[PDB]
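First up is the structure itself, then whatever we jot down about it.
Within every chain, numbering begins at 1; the chains are lettered A, B, ... in the order of the sequence lines, protein sequences first and strands thereafter. The basis for the numbers below is simple: all heavy atoms, side chains too, and nothing from hydrogens, waters or symmetry mates.
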Amino acid sequence: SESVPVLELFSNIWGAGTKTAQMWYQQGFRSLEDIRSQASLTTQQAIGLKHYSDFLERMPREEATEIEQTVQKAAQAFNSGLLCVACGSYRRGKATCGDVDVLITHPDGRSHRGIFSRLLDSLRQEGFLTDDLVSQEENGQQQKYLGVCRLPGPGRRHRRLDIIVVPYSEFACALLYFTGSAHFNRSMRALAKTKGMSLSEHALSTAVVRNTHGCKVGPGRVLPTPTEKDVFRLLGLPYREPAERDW
DNA sequence: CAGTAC
DNA sequence: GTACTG
């Protein structure tokens, strides 16, 4: 049909943005069926197209809880020490969630290692994980997984699930980044910059060196941040609770 | 670049 | 704003 809603239709495929949607449009594709039959699909895009309807639905908060518990039980089997916290919109207290954001670390600071591969393998044997989207094994000590899960039982939709494993020393910043919101994180890091500091999912750093155009030319030194409250303090900010961060 | 995560 | 893989 008309160009704008067709671009919108294509854009709602995971792995496809405006550039891809516009390219498809030039090709003369107008429907999801057209994409399915004729378009050159990325593995991820093919998965997004297959779960198009489900991925458009936001799940009830209660379902996100079950998903996080499903992940938690599997991890704990490996080690009872593991701490799993659902982040994102769920931690911010939303009634519905676009996806489930599960963070995992271990208090001793060592046992978090070796878990990521096993946990995923465990979740696959269970039939929980249905498709894998992207894997990041190079984020320093943080491992990230993006995939598709589905709770057992009838009438269950496929849900987007992200699993991140971090060291206990980076727990606070990883928790901070991953609960958001996106605009909230954007503002905190913007502020940190003004103060000659930097904030990432890994750590908060002071004495960061920047140039005339404000381009970072040297890292500072990592400041020990055991809790979220410590990060707020070192930036001269009043602590906000997750619900207070839903910007 | 493009798309993605918050 | 920061930062990952497709």
Give the rounded distance in Å between these two atoms: [atom1] of [X] and [atom2] of [N].
{"X": "A/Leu161", "N": "B/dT4", "atom1": "CG", "atom2": "P", "result": "17 Å"}
{"X": "A/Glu138", "N": "B/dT4", "atom1": "CD", "atom2": "P", "result": "22 Å"}
{"X": "A/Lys94", "N": "B/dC6", "atom1": "NZ", "atom2": "P", "result": "14 Å"}
{"X": "A/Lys19", "N": "C/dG6", "atom1": "NZ", "atom2": "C1'", "result": "17 Å"}
{"X": "A/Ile164", "N": "B/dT4", "atom1": "CD1", "atom2": "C1'", "result": "12 Å"}
{"X": "A/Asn185", "N": "B/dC6", "atom1": "CG", "atom2": "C1'", "result": "5 Å"}
{"X": "A/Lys144", "N": "C/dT2", "atom1": "NZ", "atom2": "P", "result": "16 Å"}
{"X": "A/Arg245", "N": "C/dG1", "atom1": "CZ", "atom2": "P", "result": "20 Å"}

Scan [X] against the nucleic acid and name what it touches under 4.0 Å (heavy atoms): base, sugar-phosphate only, or nothing.
{"X": "A/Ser135", "value": "sugar-phosphate"}
{"X": "A/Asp246", "value": "nothing"}
{"X": "A/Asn139", "value": "sugar-phosphate"}
{"X": "A/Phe178", "value": "sugar-phosphate"}
{"X": "A/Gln45", "value": "nothing"}
{"X": "A/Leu191", "value": "nothing"}
{"X": "A/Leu133", "value": "nothing"}
{"X": "A/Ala192", "value": "nothing"}
{"X": "A/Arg92", "value": "sugar-phosphate"}

State plainly whether one hydrophobic cluster holds both A/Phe178 and A/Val166, where clusters connect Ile, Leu, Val, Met, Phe, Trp and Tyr through side-chain heavy atoms under 4.5 angstrom apart.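 Yes, because A/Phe178 and A/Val166 connect within a single hydrophobic cluster, where side-chain heavy atoms sit under 4.5 Å apart.
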If you check every side-chain atom of [X], which of [options] has the closest atom?
{"X": "A/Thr18", "options": "C/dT5, B/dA5, B/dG3", "result": "B/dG3"}
{"X": "A/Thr42", "options": "C/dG6, C/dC4, B/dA5", "result": "C/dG6"}
{"X": "A/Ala190", "options": "C/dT5, C/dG1, C/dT2", "result": "C/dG1"}
{"X": "A/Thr20", "options": "C/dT5, B/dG3, C/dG6", "result": "B/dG3"}
{"X": "A/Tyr177", "options": "B/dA5, C/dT2, B/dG3", "result": "B/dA5"}

For [N], take OP1 and OP2 only and decide whether either is under 4.0 Å from a side-chain N or O of [X].
{"X": "A/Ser198", "N": "C/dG1", "value": "no"}
{"X": "A/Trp14", "N": "C/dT5", "value": "no"}
{"X": "A/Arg160", "N": "B/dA5", "value": "yes"}
{"X": "A/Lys193", "N": "C/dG1", "value": "yes"}

Geometric cation-pi criterion, A/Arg150 with A/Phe128: 6.0 Å, 45°: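 No - A/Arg150 does not lie over the ring of A/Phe128 by the 6.0 Å and 45° rule.
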Geometric cation-pi criterion, A/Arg240 with A/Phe232: 6.0 Å, 45°: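 No - A/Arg240 does not lie over the ring of A/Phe232 by the 6.0 Å and 45° rule.
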Beyond-backbone contact of A/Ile67 with A/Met59, side-chain heavy atoms, under 4.5 angstrom: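 They are in side-chain contact.
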To the nearest 0.5 angstrom, please state how far the CZ atom of A/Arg124 sits from the CG atom of A/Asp131.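 Interatomic distance, A/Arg124 CZ to A/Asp131 CG, rounded to 0.5 Å: 10.5 Å.
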Taking the side chain from A/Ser122 and the backbone from A/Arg118, do they hold a donor-acceptor pair closer than 3.5 Å?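 Answer holds: no.
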